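**Student:** turn this into a structure:
(chains A and B, ligands or ions: 2)
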Amino acid sequence: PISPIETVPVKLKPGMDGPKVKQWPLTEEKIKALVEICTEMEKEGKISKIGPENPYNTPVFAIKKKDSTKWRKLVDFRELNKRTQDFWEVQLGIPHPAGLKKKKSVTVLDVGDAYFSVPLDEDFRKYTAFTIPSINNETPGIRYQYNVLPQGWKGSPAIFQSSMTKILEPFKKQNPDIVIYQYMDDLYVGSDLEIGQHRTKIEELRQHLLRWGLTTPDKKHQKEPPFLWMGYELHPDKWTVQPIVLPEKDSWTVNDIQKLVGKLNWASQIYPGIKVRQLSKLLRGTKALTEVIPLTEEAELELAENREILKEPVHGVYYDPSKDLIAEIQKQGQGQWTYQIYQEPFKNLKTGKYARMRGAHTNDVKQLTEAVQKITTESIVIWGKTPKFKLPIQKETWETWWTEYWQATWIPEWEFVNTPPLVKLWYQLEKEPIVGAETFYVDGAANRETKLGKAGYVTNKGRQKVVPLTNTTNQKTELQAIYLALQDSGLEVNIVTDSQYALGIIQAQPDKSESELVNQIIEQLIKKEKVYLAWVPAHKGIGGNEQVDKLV
Amino acid sequence: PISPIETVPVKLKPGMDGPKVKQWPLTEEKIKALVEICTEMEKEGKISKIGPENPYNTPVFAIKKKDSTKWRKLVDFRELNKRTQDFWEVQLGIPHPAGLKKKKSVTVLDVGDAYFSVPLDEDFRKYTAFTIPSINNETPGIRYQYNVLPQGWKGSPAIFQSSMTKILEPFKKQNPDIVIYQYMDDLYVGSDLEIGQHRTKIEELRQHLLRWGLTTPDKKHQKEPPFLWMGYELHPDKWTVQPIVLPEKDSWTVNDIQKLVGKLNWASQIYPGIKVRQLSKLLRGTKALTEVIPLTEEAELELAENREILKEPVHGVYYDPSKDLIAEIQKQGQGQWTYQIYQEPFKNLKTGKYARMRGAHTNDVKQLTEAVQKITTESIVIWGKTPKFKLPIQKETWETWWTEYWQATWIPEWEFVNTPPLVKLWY
Ligand SMILES: CCc1c(C)[nH]c(=O)c(N(C)CCOC)c1Cc1cccc(C)c1
Ligand SMILES: [Mn+2]
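**Tutor:** Residues are numbered from 1 along each chain as shown, chains lettered A, B, ... in the order given. Ligands and ions are numbered 1, 2, ... in the order given. You can find the structure just below:
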């Protein structure tokens, strides 16, 4: 039955008014079916007859589809929703399972007719009006309006869930031990009691509810631990995502590939190791959700390694606020980083990965940081506090980088983990020029049009070189120019560019890049013993750049 | 209080709709704080709980203002503001005295606690709504909406403006020379007295306020000099500078003049008359970098001349009150940070540098956040309006920690950059 639950006052957007979408008279038996149901709902108060003294309308539909044991009513409300005020977004963020506390016993009450039980603001009922048709062309006019929360109107979940909370509160207070979590139609009641008395509370909670016209599972329960919720396998002491099947074929379209990837990430939560820098690597450069893509080699390899992992079942443990959050990160390889948050040795609260940034030049230390970050953020949202990191980097290799980094940072507390791969300084540029070391005045330039370029240098020692280049841009040459000097320079060198770009890039001390070249200009940086890079202005900036500006 | 006053009808901008902003996640610690704070306000009737018919939302943070044992609620009305105050920058605009910046000392004291007495226009409350978060988003946020003029809200000072120039009037009556500026929650009292004389004049005001309008500023130190105390004194007459100086030296090298012709050439963008072509001609050769060389003649007439064009500030540099202030900061090193407040490229209206400690408490973040609040205040004083900071920090990071050392009641408007490169030698 309906409740003595005071209603939430609703309004229609400004200026706007009630919807008048007239009914398309239609099908005798179904044109009775509604009347068969309407007069049944109307009995229970869910609805009420109305003269056409006032209102508008909405499309009433009769629809049967199941194993056909009864037909069901339906009312498209869209032209109404389109006119109703906004409410407080219900499910902002779903709680992540990795941060829930174990409960000895947990039951799920299936609040059923929910909506039709909560009432509806008296002055906003006039709009829910609809009309079931005549036998055929002679409108007799079976007119009713809703007194409860109509089946698909905007302000419904909100006002429903809003009303539930209010109803629970006395109980939730007369029993500060029963944690109730209402999600949509469900009610998950957890606690730490003897299964006997835990059954009591449920029945009590259950009887409470019923006194406000709300009803619940009379099979006294309807709990199927683990619970299938939002894509999780929720046990009372662990969690996962069972149906995690990544099918195979010999045809992979932007569609299926995405879908595979998606499914793969989702697993990252608890499945230690999953990778995706390969199956996605493909995507950019297209927007054809039906275009066949060649499952590249790494893609085939990675997809396997994900199967190996996934082939064997892994679980997730819950949160104990009694202990410390530890989170630790390890590097995988292709700008890939994984991690897991534990409070215990062989247990895991969650696991995850971190993919690099811009399709260009980054750095192992920087990344490790963006990771500690990604996690610090995540952690705050789930457990409300930051975790104690453990990481593959020594106070030295780290502190050195930020001290030199033009950008501010703040890594919470951490402890060293001597488990490789390790994050380190693969090289450093000298801060002051190198006395003795030959000086290479490098430079370059290419034709934006012809795409033909030159890369060369001229040393103080009077040494020169100019090398031709095809399929190249002003930038790629200026780098080639450096790569060149480094190549011909001795174990110690001073390079001099007019390109702010090439400078900056190298300066960032990138460990890796997606530009075959930079990886080269690094490979050598690393080899070299002492290197000094210096910047001078382009043309008016014709310092030692007098010779290298056009001979090159 | 308990005295219903005529509410000043508030209406957002034209065809504007209230704010709907994401309430960032918080530590459990701070949630407990906020919950505590609000549960009390709800009792003093300041705020109430709302229903789902209230779709609006403005963010909230918990911070400690005077590091004092307990917290303070800090509501980020940066959004409800643009949606209103900009016609409450008009409707009830609060005028900015161009001399306060000239005073010898400007003590800054809070007054936000005054507002909590003026009830808010019933049909506006629906906009001051905020949400206290749930950890892991378990429960539904707690939902509250304001009933008195909210603090972070640049519309309370505008409404109260009246009740204030009154209380303050029989004080400016006597001490006339002292200028008083009100910017939102704070009061900026400026004088020219001798430190101690001033500091006394302030306390003289503190109690005026306190006693007359029950308003309640606060006492800097609590009658105790632990050698770790302050009172928020600004000395505006002290600021203006030229941290931009070519290094004067005896012997120069190729790499020394090089890096010099570099900056010097760059400087050209900001400073009008600056030619370097003869000093640079001294570089046209492919000479080693360590090789020392002395300064030419027409060249030596440049370092000498330009060193001097670096003492006479730009010209067309005027304050366009139509445009807003932009503040760029750059990590300098060992707790040092330089900064510019321009309005259009290279037309800085002010450059200074923060640096408070490098080795002990020095935290890349805690520095910047403080640097930000400093740079702000200066402008709130100089121009009576906060700038838009271009912070050299990663968004997520800053979003996580600013609230840790943010002690001010207002919150500027920031955005995160890529990498100041050569603009770092603005040191
Ligand atoms: C995952 C199972 C569970 C545990 C381990 N602990 C709880 O406290 C709880 N609820 C009683 C309260 C949840 O409060 C936020 C649930 C039920 C549930 C069912 C589906 C989804 C979730 C997040 C929890
Ligand atoms: Mn060039």
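**Student:** domain map for the chain?
**Tutor:** In the absence of a named chain, this looks at chain A. Listed by curated CATH domains, the domain ranges of chain A are A:1-90+A:116-156, A:91-115+A:157-225, A:226-319, A:320-426, A:427-552.
**Student:** actually, chain B is the one I wanted.
**Tutor:** With domains defined by curated CATH domains, chain B comprises B:9-98+B:124-164, B:99-123+B:165-233, B:234-319, B:320-426.
**Student:** please produce JSON lines containing those domains, extended by mean neighbour count and distance to residue A:547.
**Tutor:** For the C-beta atoms, the positions are set from N, CA and C on the backbone; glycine is no exception. As requested, the domains of chain B are exported to JSON lines (neighbours: other CB atoms under 10 Å in any protein chain shown; distance: least, CB to CB, whole Å):
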{"stretch": "domain B:9-98+B:124-164", "mean neighbour count": "18", "distance to residue A:547": "55"}
{"stretch": "domain B:99-123+B:165-233", "mean neighbour count": "16", "distance to residue A:547": "53"}
{"stretch": "domain B:234-319", "mean neighbour count": "15", "distance to residue A:547": "6"}
{"stretch": "domain B:320-426", "mean neighbour count": "18", "distance to residue A:547": "24"}
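**Student:** is stretch A:411-422 positioned near chain B?
**Tutor:** No. Stretch A:411-422 lies apart from chain B when judged by CB under 8 Å from any CB of the partner chain; the minimum separation is 9.4 Å.
**Student:** so how far does that stretch reach from one end to the other?
**Tutor:** With CA to CA, to the nearest Å as the measure, the first residue of stretch A:411-422 is 18 Å from its last.
**Student:** buried set for it?
**Tutor:** Across stretch A:411-422, burial judged by 16 or more other CB atoms under 10 Å in any protein chain shown covers A:411, A:414, A:417.
**Student:** give me every residue that touches residue A:131.
**Tutor:** Residue A:131 makes contacts with A:23, A:57, A:60, A:141, A:142, A:143, A:144, as judged by CB atoms under 8 Å, 6 or more residues apart in numbering or on different chains.
**Student:** need phi/psi at the third one.
**Tutor:** When you say that, I think you mean residue A:60. Here the main-chain torsion angles of residue A:60 (degrees, to the nearest 10) amount to phi -90, psi 130.
**Student:** tell me how far it lies from residue A:26.
**Tutor:** As judged by CB to CB, to the nearest Å, residue A:60 and residue A:26 stand 10 Å apart.
**Student:** CA atoms only: put stretch B:365-373 into CSV for me.
**Tutor:** Output in CSV follows, covering the C-alpha atoms of stretch B:365-373 (Å, rounded to 0.1, in the frame of the first residue of the first chain):
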residue,chain,number,x,y,z
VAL,B,365,54.0,22.3,-2.8
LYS,B,366,53.7,24.1,0.5
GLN,B,367,56.0,26.6,-1.1
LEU,B,368,53.9,27.3,-4.2
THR,B,369,50.6,27.3,-2.3
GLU,B,370,52.0,29.9,0.0
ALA,B,371,53.6,31.7,-3.0
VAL,B,372,50.1,31.8,-4.5
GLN,B,373,48.4,33.3,-1.5
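**Student:** quick check, it touching chain A?
**Tutor:** Yes. For stretch B:365-373, a contact with chain A is found by CB under 8 Å from any CB, at B:365, B:367, B:368.
**Student:** now the residues you listed in JSON lines, with distance to residue A:215?
**Tutor:** What follows is the residues of stretch B:365-373 next to chain A, written out as JSON lines (distance: CB to CB, whole Å):
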{"residue": "B:365", "distance to residue A:215": "54"}
{"residue": "B:367", "distance to residue A:215": "60"}
{"residue": "B:368", "distance to residue A:215": "57"}
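**Student:** okay, these in TSV with distance to ligand 1 next?
**Tutor:** Shown next, in TSV, are those (distance: CB to the nearest ligand atom, whole Å):
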residue	distance to ligand 1
B:365	32
B:367	39
B:368	36
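**Student:** from those, pick the one nearest residue B:204.
**Tutor:** Of all the residues of stretch B:365-373 next to chain A, residue B:204 sits closest to residue B:367, with 35.4 Å by CB to CB.
**Student:** check for me that that closest one belongs to a helix.
**Tutor:** Yes. When DSSP: H, G, I helix; E, B strand; the rest coil is applied, residue B:367 is found to be in a helix.
**Student:** what about residue A:60 and residue A:26, which has more around it?
**Tutor:** Higher neighbour count among residue A:60 and residue A:26: residue A:60, with 21 against 13, using other CB atoms under 10 Å in any protein chain shown.
**Student:** look up how far residue A:147 lies from the more buried one.
**Tutor:** Applying CB to CB, the value for residue A:60 to residue A:147 is 16 Å.
**Student:** please apply the same query to residue A:502.
**Tutor:** For residue A:502, the distance to residue A:147 (CB to CB) stands at 74 Å.
**Student:** first-to-last residue distance for stretch A:469-480?
**Tutor:** The stretch stretch A:469-480 measures 9 Å between its terminal residues, going by CA to CA.
**Student:** again with stretch B:172-191
**Tutor:** 12 Å.
**Student:** what's the answer for stretch A:82-96, then?
**Tutor:** Using CA to CA, the end-to-end distance of stretch A:82-96 comes out at 32 Å.
**Student:** how about that stretch and ligand 1, touching?
**Tutor:** Yes. Against ligand 1, stretch A:82-96 shows contacts by CB under 6 Å from any ligand atom at residue A:95.
**Student:** can you give me the buried ones in that stretch?
**Tutor:** Within stretch A:82-96, judged by 16+ other CB under 10 Å, the buried ones are A:83, A:84, A:85, A:86, A:87, A:88, A:95, A:96.
**Student:** distance to ligand 2 for those residues - can I get that in CSV?
**Tutor:** Below are these laid out as CSV (distance: CB to the ion, whole Å):
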residue, distance to ligand 2
A:83, 64
A:84, 63
A:85, 62
A:86, 57
A:87, 61
A:88, 59
A:95, 57
A:96, 52
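**Student:** doesn't residue A:171 belong to a strand?
**Tutor:** No. Counting by three-state DSSP, residue A:171 falls outside a strand, being helix.
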